[PDB]
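J.: Take this structure first; my questions come after.
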Number of protein chains: 2
Amino acid sequence: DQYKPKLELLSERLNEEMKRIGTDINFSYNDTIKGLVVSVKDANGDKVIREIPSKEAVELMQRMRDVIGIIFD
Amino acid sequence: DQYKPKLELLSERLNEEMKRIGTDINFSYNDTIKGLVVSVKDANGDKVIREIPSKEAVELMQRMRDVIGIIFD
C-alpha cells in the first residue's frame, strides 16, 4: 500500500495533540527508513528514537483504535 | 473522572502491542503523579520518561481515536 501520506498526516495530528498538552514527544514519517519515528530528548538533551516500519505502524494504529473504542467510547 | 482503570487497561494493551512490534516503549499509569507514564531507554539503559496527566491523557486518547478513524479506512 501507500503508507507515506497517511503516516505523514497522522504525525502532524499527533504532534499537534502533543503540543496542545506540552509533552516533548515527536512523530514523523521517515521516507528513508520507511517507518514511523517517535522521538524524545533524554536527560542530556540528545534525541533517543524508536522506529516502527510503515506496515507495522498502520496495523498498530488500527488495533489501538478499537482498544481505545471499547475503553473510552 | 475515574481515569485510573481506563489508563491501566490502555497501558496494558498498549504494552502488549509494543511487545508485538518488538519496539521498546513502556506505558503505565502512575498512582503518584496521577497520569500516564511513557518511557524509553537511552543509550546507557536509563529510562527517559514523559508524563501525561490523567485528564489530558484521556483527552489525547479520545481524539486520537477519531483521527485514526478518519485516516484509516
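Labeling convention for the C-alpha cells: chains A, B, ... as they appear, residues from 1 per chain, ligands from 1 in order of appearance.
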For residue 45 (chain B), work out the shell of residues within 12 Å, counting only C-alpha atoms and skipping chain neighbours fewer than 5 positions away, then give it as a count of residues only.

T.: 5

J.: Within 8 Å of chain B, which residues of chain A show up? Give each one with its shortest atom-to-atom distance in Å (one decimal) and the two atoms involved, counting only C-alpha atoms, rows by chain then rising residue number, as a Markdown table.

T.:
```
| residue | atom | partner | partner_atom | distance |
| --- | --- | --- | --- | --- |
| A:6 | CA | B:71 | CA | 6.4 |
| A:10 | CA | B:71 | CA | 7.3 |
| A:13 | CA | B:67 | CA | 7.6 |
| A:14 | CA | B:64 | CA | 7.5 |
| A:17 | CA | B:60 | CA | 6.6 |
| A:18 | CA | B:60 | CA | 8.0 |
| A:21 | CA | B:56 | CA | 7.0 |
| A:23 | CA | B:50 | CA | 6.9 |
| A:24 | CA | B:50 | CA | 7.4 |
| A:25 | CA | B:50 | CA | 8.0 |
| A:40 | CA | B:48 | CA | 7.9 |
| A:41 | CA | B:48 | CA | 7.8 |
| A:42 | CA | B:48 | CA | 5.5 |
| A:43 | CA | B:48 | CA | 7.1 |
| A:48 | CA | B:42 | CA | 5.9 |
| A:50 | CA | B:23 | CA | 7.0 |
| A:51 | CA | B:23 | CA | 7.7 |
| A:52 | CA | B:23 | CA | 7.3 |
| A:56 | CA | B:21 | CA | 6.8 |
| A:60 | CA | B:17 | CA | 7.0 |
| A:61 | CA | B:68 | CA | 6.7 |
| A:62 | CA | B:68 | CA | 7.2 |
| A:64 | CA | B:14 | CA | 7.4 |
| A:65 | CA | B:65 | CA | 5.2 |
| A:67 | CA | B:10 | CA | 7.5 |
| A:68 | CA | B:65 | CA | 6.3 |
| A:69 | CA | B:65 | CA | 7.0 |
| A:71 | CA | B:6 | CA | 6.1 |
| A:72 | CA | B:62 | CA | 6.8 |
```

J.: Please save N, CA and C atoms of the selected residues as a compact mmCIF listing (two decimals), in the first residue's frame.

T.:
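And here is the file that came out, part19.txt:
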```txt
# COMPACT_ATOMS: atom_id res chain seq x y z
N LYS A 6 -0.43 9.01 4.68
CA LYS A 6 -1.25 8.82 5.87
C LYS A 6 -0.47 8.87 7.18
N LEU A 10 -1.00 11.55 10.03
CA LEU A 10 -1.07 11.02 11.39
C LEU A 10 -0.02 11.65 12.30
N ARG A 13 -1.01 15.43 13.16
CA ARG A 13 -2.11 15.42 14.11
C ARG A 13 -1.62 15.02 15.49
N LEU A 14 -0.82 13.96 15.54
CA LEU A 14 -0.21 13.53 16.80
C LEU A 14 0.62 14.63 17.44
N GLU A 17 -1.48 17.45 18.92
CA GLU A 17 -2.04 16.95 20.16
C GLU A 17 -1.00 16.94 21.30
N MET A 18 0.24 16.57 20.96
CA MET A 18 1.33 16.54 21.92
C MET A 18 1.75 17.95 22.36
N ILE A 21 -0.76 19.71 24.65
CA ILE A 21 -0.62 19.20 26.01
C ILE A 21 0.68 19.67 26.68
N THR A 23 3.82 17.97 25.96
CA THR A 23 4.67 16.79 26.17
C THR A 23 5.70 16.63 25.05
N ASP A 24 6.97 16.77 25.40
CA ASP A 24 8.06 16.62 24.43
C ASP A 24 8.11 15.19 23.87
N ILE A 25 7.20 14.92 22.92
CA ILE A 25 7.20 13.68 22.15
C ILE A 25 6.94 14.02 20.70
N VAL A 40 12.02 11.43 21.54
CA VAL A 40 12.04 12.24 22.75
C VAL A 40 13.50 12.58 23.06
N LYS A 41 13.75 13.72 23.70
CA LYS A 41 15.12 14.05 24.11
C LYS A 41 15.37 13.57 25.54
N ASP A 42 16.54 12.99 25.78
CA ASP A 42 16.86 12.43 27.10
C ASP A 42 17.30 13.50 28.10
N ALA A 43 17.92 13.06 29.19
CA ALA A 43 18.38 13.99 30.22
C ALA A 43 19.46 14.95 29.71
N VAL A 48 16.66 10.41 21.57
CA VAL A 48 16.53 8.95 21.57
C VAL A 48 15.32 8.62 20.71
N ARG A 50 12.70 5.76 18.37
CA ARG A 50 12.14 4.45 18.15
C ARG A 50 11.45 4.46 16.80
N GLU A 51 11.81 3.51 15.94
CA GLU A 51 11.24 3.43 14.62
C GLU A 51 10.27 2.26 14.57
N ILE A 52 9.19 2.44 13.82
CA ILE A 52 8.19 1.41 13.61
C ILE A 52 7.91 1.43 12.11
N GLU A 56 3.91 -2.15 10.10
CA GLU A 56 3.63 -2.47 11.49
C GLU A 56 2.94 -1.30 12.20
N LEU A 60 -0.82 -1.23 13.98
CA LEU A 60 -0.80 -0.83 15.38
C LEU A 60 -1.79 0.29 15.66
N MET A 61 -1.75 1.32 14.83
CA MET A 61 -2.75 2.39 14.92
C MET A 61 -4.18 1.87 14.77
N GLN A 62 -4.37 0.83 13.98
CA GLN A 62 -5.70 0.24 13.87
C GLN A 62 -6.13 -0.54 15.12
N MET A 64 -5.05 -0.06 18.06
CA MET A 64 -5.27 0.90 19.13
C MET A 64 -6.61 1.62 18.97
N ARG A 65 -7.06 1.80 17.73
CA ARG A 65 -8.35 2.44 17.51
C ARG A 65 -9.49 1.69 18.20
N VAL A 67 -9.15 -0.68 20.63
CA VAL A 67 -8.92 -0.74 22.06
C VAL A 67 -9.42 0.54 22.70
N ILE A 68 -9.02 1.67 22.13
CA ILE A 68 -9.49 2.99 22.57
C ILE A 68 -11.02 3.13 22.49
N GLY A 69 -11.61 2.48 21.50
CA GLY A 69 -13.05 2.48 21.37
C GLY A 69 -13.71 1.84 22.57
N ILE A 71 -12.48 0.94 25.48
CA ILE A 71 -12.11 1.58 26.73
C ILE A 71 -12.78 2.94 26.94
N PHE A 72 -12.85 3.79 25.92
CA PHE A 72 -13.33 5.17 26.13
C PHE A 72 -14.62 5.60 25.42
```

J.: Residual C-alpha RMSD for chain B onto chain A, least squares, all atoms in order?

T.: 0.5 Å

J.: Apply DSSP to the backbone of this structure and, from chain B, keep only the residues in strand (DSSP E or B); write these as a ChimeraX atom specification.

T.: /B:26-30,35-41,47-53
